Every structure is written in C-alpha cells, then in structure tokens.
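Novice: Would you be able to build a 3D model of this:
(chains A and B)
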Amino acid sequence: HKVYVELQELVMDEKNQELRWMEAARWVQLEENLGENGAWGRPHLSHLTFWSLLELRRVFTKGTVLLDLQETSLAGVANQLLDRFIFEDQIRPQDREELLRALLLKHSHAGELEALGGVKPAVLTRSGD
Amino acid sequence: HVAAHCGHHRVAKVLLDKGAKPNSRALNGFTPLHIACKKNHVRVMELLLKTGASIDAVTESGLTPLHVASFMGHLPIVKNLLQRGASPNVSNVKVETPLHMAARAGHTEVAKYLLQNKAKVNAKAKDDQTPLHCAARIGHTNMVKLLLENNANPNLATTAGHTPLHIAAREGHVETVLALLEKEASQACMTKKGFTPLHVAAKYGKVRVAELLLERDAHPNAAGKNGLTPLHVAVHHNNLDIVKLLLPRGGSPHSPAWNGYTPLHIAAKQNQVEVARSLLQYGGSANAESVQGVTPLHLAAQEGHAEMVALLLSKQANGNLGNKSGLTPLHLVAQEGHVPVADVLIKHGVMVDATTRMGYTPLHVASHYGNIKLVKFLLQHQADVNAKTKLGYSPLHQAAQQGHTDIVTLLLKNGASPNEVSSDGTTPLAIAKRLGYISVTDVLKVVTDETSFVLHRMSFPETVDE
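Specialist: Numbering: from 1, shown residues only, chains lettered A, B, ... in the order given. Right below this line is the structure:
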C-alpha cells in the first residue's frame, strides 16, 4: 500500500580521489533529502522539473524492460541486464568491462561520510577514472 | 582355537566330548566362538553353542562376536547368532553398536538383518558419531537411504560439531550429497569454529559440490564467530575455480572479518595474479580500513612482490596513506627494504621525505633497519640527509641506536651533520659511546663535535601491531 523508494548516485569523496555510491534521498509518501552535514531535511512534497519529465518519457519509450527475473543478488541482475543491453543493441560490447565495475561498488549510507568528509558529483570516463 | 581357525568340525566333536573348555581365550582374548565367527565356519559354531559357549563375551580389545560377524561380512553367522538369542544393543570399550561396526564397512544385508530386529539406529559412538557419520566416509549411496528409512536426523551432530553433511563434504562424495539434499540438511550447520559447508569446499578444493550447494540456493553471506565467509577461507587456501564462479553467484564484495580483514590484502599477502583480477572486476577496494587502519595497499606493499606494483596502479588509491602510527607506503617499503617496490613507488610519485606521526622520516626508519640500499635509493630520491625528528633525533642518533655503522658512514659521507643534539642531550657520539659500539663510535665521535650537554632513552620506530 505504501512503499519505500531509494536513489543512489556515483560520486567522489573529499578524503581521497575515488568513485563510490552514495544515496541522495528517500521516499515514504514524501521526499526527504540531506545536505553536506549528513542530516535529513524535514519531509516535503516532491517537485519535478521540465527536462526531467521530458527525458523520462523519451527514454521510457525506448527502455528495456525485464519482468519477473529469477535472481538472488545485484551481481546476477547486473550481468543479465548488461546482456540485455547487448541483446537489444543499446550499448557496445567493448563497454561492458567498465560498466560492470561502474555498477559493483560499495553502497554506503550517511553515517560513514563524516569520517569520509563529504562527496561531490563526478563523471565516469572511458579509462575508469 | 586351531580347529576354529582351520575349519574342522569332525575333530571339534571329539575334542568337545572327550574334554575341552570353550571359555579358553588366546592373547587377544578371543573365544573359539570368536574364531569360528571370524572364519565363517558354521558347523563348528553350532557345535560350540550346543556345548554352551556364552553368547556374550569380551575380547581384550573389547569386541563381541556380533561385532566380529558385522565386521567380517558373514550373513549365515549373523542369521544364526541373532536367531539363537543376541542383543544388537551392546557397547565396546569405545561405545559402538554392531550397527556402527557394520556401517564402518557397509555390508548391506547384515545392515538389513540387524535393522529388521530391534536396534536403535539413532545412537552415539565414543565421539558420539551417528551411523550416518561412519557411513559418510564410505561414499556408499543406498546405505544412507537405509538409515534414512529409519529417519536418522541430519540435525544430529558430534561433539566437535561435525554433521553428516560436514563429513560428506569432507570426503567429497557428490552422490552422497545428492542423497542428503532430499533429506533437507540445514545450511546453518556451524561447528564451534564457525565453519560452513562452503568452507570445507574452499579448503580441500572439492568443488563439484558447489552447484549441489546452490541446488538448495546457498547464500554466500555467512559469518561465524570470526565473521569469516567462504571467500576468506577460499583465499586462505586458494582454489580459484570455485571463487571465479562464486563471484557471478552473488559474491560478497567487501565483507570484513572480525579483524576487519578484507580478502584483498590476504590475497596480496601470498602473491598470486588471478585472484586480484577477479576481485578487481567484482569490486575490490584496497582502501578499506582495518582495526589498525592498515589498507590492503599497505599490507601488499609490506610484502612488496614484483607483480603487485604492476597491478596496484589499475586500482585507484592515495599513493601515500598514513596510519594511526602514520605509516605511509614508503615506511613499509623501507621496513622490508624492497628496492624494486621502492622504485616502482617513487615512479608513481610518492613523497620522498614522508614523516611519521611521532616525527620519524623514511631516513630515520631506514637507519633503524640499517639497509644501506634503502639509503642509496633514498639518496637518489633526494630525501634530506639531515631530517630531524620531533624529539631532536636525526639519522645519526638513529643509526647509533640501531648500531648500523655502515648506514651512519653512508649518511655522513652524503653531508649528514654529526653534531645535532636531540631532546635528551645525546649526540651520535654520546649514543655510540653509551651503547658500547666501537666501530661506529670511531667515525661518529670524530665527525661529531663536542657534546652539547653533559648527562638513557633510546629511539625505536613505531610499527603496526598484529
């Protein structure tokens, strides 16, 4: 009846140059977000943006959909989905070795970040840096 | 005894009716009934029992004739002895029934015959081994199914914590595990040491059973008292063929032990190639904090093998990372004195004059080690020869406390000042003297100027704990 939705992005730490997964917000009937402090703001209604809606529709018209797959863990689903993206020719096969690393990193929560020092957005390259 | 060993009932009749004693025993403690039970003579056994040789009897080893008949594989002797009055419930000097003594070899028909009459298959041996435990070491398939006919539980385990699943994986009989799967043995079977069914497969390299273990949909995440996973036990004694397939089978990427130990640095410690490649693909981070704070990069650099300095570049990490002590990769390289690794590292762009938390530099540390090579290389790296510690200690004081006159001479030759007083008032000469090092004192005292003060604290570099 009421569900929980989580969102994680690929960012870098102020401690050392690296890449890792950090959550950004949480959804139980409302949006809750956190800043650089590591503290979550008071829940509120979520407000969308124009380009967000346009590109969600655009990519969803041409999105691969896999329903009721028999797996047990993220690694297997990742392998199967990248095989699916190869299958429908959505990505080149010479990309999989990086993409596989891209989706296999430590998914850590807010409590370590104060020891980590904070994160900022960064972009993947072809090299892996 | 010789009549029952050579199978002659004709002279046995004469020896009985003329005069004899069935109770007479040899050095083993064996009755003639025992010998007849061993050598499968039936008419001699019938004559002896018609005389009145006792069914119950104790050899000096501790066996019974039922135990001998079970261990020798003789069907008609078992038939006659169990018809004419016997007890399967009997204990030896090690508590063992003839069911345990039969399932030690797996004679099928004696097992059916003993099970037909009243014998408790749910039983404990001397170490409390069920007959499933002794049957697991055989590799015999339908012998298991006959015990499961009288529903011996796989829940039952010995004192040591071993289960019939544990012994079946120990000996590695795969069809035995196929028979066991339908019996639904739990996958939470944990000994006192915390072992899993995956752990013995990781140790002994019995790996065909991995698909069998996933037939019941095994979960790799499993930690005992020491928090160890099948991957840590697999890397401790490497059988890589299982791990390469476990990694797509939902492997645990960054699980630490109770020591906070990741598989990365234990993989590096015993140098090998393919493990690093697989962990890298599956997300292995060499920056994980231990309880000390040491990273897999640092523990890899302590051993400093040839191929590690190649692969570690692909991994992205802080080139020099301090510990609680402040130990930087350079520190470890100086500790082990690996010139190759130190070279690779300098090429990577590490800090030449890195200092510890107390104020020790890689020169100080190298002088304590006494490695002249670790001082020439460092000279090439341009590390200052007069770096003083936070307590006034210089590479001279340090070479004097270590007693490495060679290193002290190499430092002095390269312009190192010998007249630097530490926070305790002792120069390199003062030290060399107080330590009774003469070979060193000869050079140091002349190079050093008169001691800054009239006056014994030494100087040892920090090191990571076990």
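Novice: Can you list the residue ranges for strands in chain A?
Specialist: Ranges of strands in chain A, per DSSP state E, are A:5-13, A:20-27, A:31-33, A:107-108, A:119-121.
Novice: closest one to residue B:421 among those strands?
Specialist: The closest approach between residue B:421 and any of these, judged by CB to CB, belongs to strand A:5-13 at 43.4 Å. C-beta coordinates here come from the backbone N, C-alpha and C atoms, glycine included.
Novice: Work out the sheet partners of the closest one and label each with its direction, please.
Specialist: Strand A:5-13 pairs in its sheet with strand A:20-27 (antiparallel), strand A:119-121 (antiparallel), by DSSP bridges.
Novice: show me what contacts the closest residue to chain A within the stretch 101-250 of chain B?
Specialist: Residue nearest to chain A within the stretch 101-250 of chain B (CB to the nearest CB): residue B:250, separated by 3.0 Å. By CB atoms under 8 Å, 6 or more residues apart in numbering or on different chains, residue B:250 lies in contact with A:72-76, B:219-220.
Novice: can we see that at 6 Å?
Specialist: Residue B:250 is in contact with A:72-73, A:75-76, B:220, counting by CB atoms under 6 Å, 6 or more residues apart in numbering or on different chains.
Novice: about what we covered before: would you mind finding the most buried of the strands of chain A?
Specialist: Each of those was scored by mean neighbour count; the highest is strand A:20-27, a mean of 16, by mean count of other CB atoms under 10 Å in any protein chain shown.
Novice: Now do that one: everything it contacts.
Specialist: By CB under 6 Å, 6+ apart, the residues outside strand A:20-27 that reach it are A:5-9, A:11, A:31-33, A:105-107, A:119.
Novice: For residue B:360, which non-adjacent residue is closest in space?
Specialist: If you skip the residues right next to it in sequence, residue B:360 has residue B:461 as its closest partner in space, 5.2 Å away by CB to CB, 6 or more residues apart in numbering or on different chains.
Novice: Tell me how many other residues crowd that neighbour.
Specialist: Residue neighbour count, defined by other CB atoms under 10 Å in any protein chain shown, stands at 22 for residue B:461.
Novice: Enumerate the residues of the stretch 301-450 of chain B near chain A.
Specialist: Residues of the stretch 301-450 of chain B that fall close to chain A, judged by CB under 6 Å from any CB of the partner chain: residue B:318.
Novice: In contact with the residue of chain A at minimum distance from chain B, which residues are there?
Specialist: Using CB to the nearest CB, the point where chain A gets nearest to chain B is residue A:73, with a distance of 3.0 Å. The neighbourhood of residue A:73, defined by CB under 6 Å, 6+ apart, consists of residue B:250.
Novice: how close does it sit to residue B:51?
Specialist: Going from residue A:73 to residue B:51 by CB to CB, to the nearest Å gives 72 Å.
Novice: Could you do residue B:281 as well?
Specialist: Going from residue B:281 to residue B:51 by CB to CB gives 78 Å.
Novice: for residue B:18, same thing?
Specialist: Residue B:18 sits 12 Å away from residue B:51, going by CB to CB.
Novice: Residue A:24 too?
Specialist: Looking at residue A:24 against residue B:51, where the rule is CB to CB, the gap reads 93 Å.
Novice: picking that back up, between residue B:18 and residue B:51, who's got more neighbours?
Specialist: Neighbours of residue B:18 and residue B:51, each counted by other CB under 10 Å, are more numerous for residue B:51; the result is 15 against 7.
Novice: for that one, phi and psi?
Specialist: The phi/psi pair for residue B:51 (degrees, to the nearest 10) reads phi -70, psi -40.
Novice: Who are the contact partners of residue 121?
Specialist: Looking at chain A here, since you left the chain open. Taking CB under 6 Å, 6+ apart as the criterion, residue A:121 is in contact with residue A:11.
Novice: The intended chain is chain B.
Specialist: The neighbours of residue B:121, taking CB under 6 Å, 6+ apart as the test, are B:99, B:131, B:147, B:150, B:152.
Novice: can you rerun that using 8 Å?
Specialist: Applying CB under 8 Å, 6+ apart to residue B:121 gives the contacts B:99, B:115, B:131, B:147, B:150, B:152.
Novice: Can you say which two of the contacts of residue B:250 are spatially most distant?
Specialist: Within the contacts of residue B:250, two members stand farthest from each other by CB to CB: A:76 and B:220, at 11.7 Å.
Novice: Remind me what the longest helix anywhere in chain A packs against, helices and strands.
Specialist: For chain A, the helix reaching the highest residue count under DSSP state H is reported as helix A:74-87. Applying 3 or more CB pairs under 8 Å, 6 or more residues apart in numbering or on different chains; DSSP states H and E, one finds that helix A:74-87 makes contact with helix A:96-102.
Novice: residues of the helix it packs on that come out buried?
Specialist: A:100-102 (16 or more other CB atoms under 10 Å in any protein chain shown).
Novice: closest one to residue B:194 among the strands paired with strand A:5-13?
Specialist: Set against residue B:194 and scored by CB to CB, the strands paired with strand A:5-13 come closest in strand A:20-27, at 30.0 Å.
Novice: List the contacts of stretch B:423-434.
Specialist: The contact list for stretch B:423-434 (CB under 8 Å, 6+ apart) reads B:391-394, B:396-397, B:399-401, B:408, B:418-421, B:440-441, B:444-445, B:447-449, B:451-457.
Novice: Can you give me the buried ones in it?
Specialist: By neighbour count with 16+ other CB under 10 Å, stretch B:423-434 contains the buried residues B:424, B:426-433.
Novice: Would you work out how far apart the start and end of it are?
Specialist: Between the opening and closing residues of stretch B:423-434 we find a distance of 16 Å, counting by CA to CA, to the nearest Å.
Novice: gap between the closest residue in space to residue A:91 that isn't next to it in sequence and residue A:8?
Specialist: Nearest non-adjacent residue to residue A:91, counting by CB to CB, 6+ apart: residue A:85, 4.8 Å away. Going from residue A:85 to residue A:8 by CB to CB gives 19 Å.
Novice: name the element residue B:287 belongs to?
Specialist: Using DSSP states H and E, residue B:287 sits in no helix or strand.
Novice: Repeat that for the one 3 residues further on.
Specialist: Of the helices and strands defined by DSSP H and E, none includes residue B:290.
Novice: So it sits against residue B:264, correct?
Specialist: No - proximity of residue B:290 to residue B:264 does not meet the contact threshold set by CB atoms under 8 Å, at 10.9 Å.
Novice: Look at residue A:51 and say how many residues are nearby.
Specialist: By the criterion of other CB under 10 Å, residue A:51 has 8 neighbours.
Novice: thinking again about what came up before, show me the one of the strands paired with strand A:5-13 that comes nearest residue B:175.
Specialist: Of the strands paired with strand A:5-13, the one closest to residue B:175 (CB to CB) turns out to be strand A:20-27, at 43.6 Å.
Novice: show me what contacts the residue lying closest to residue B:373 once chain neighbours are set aside?
Specialist: With sequence-adjacent residues excluded and distances taken as CB to CB, 6+ apart, residue B:373 is closest to residue B:339, at 5.5 Å. Residue B:339 makes contacts with B:373-374, B:377, as judged by CB under 8 Å, 6+ apart.
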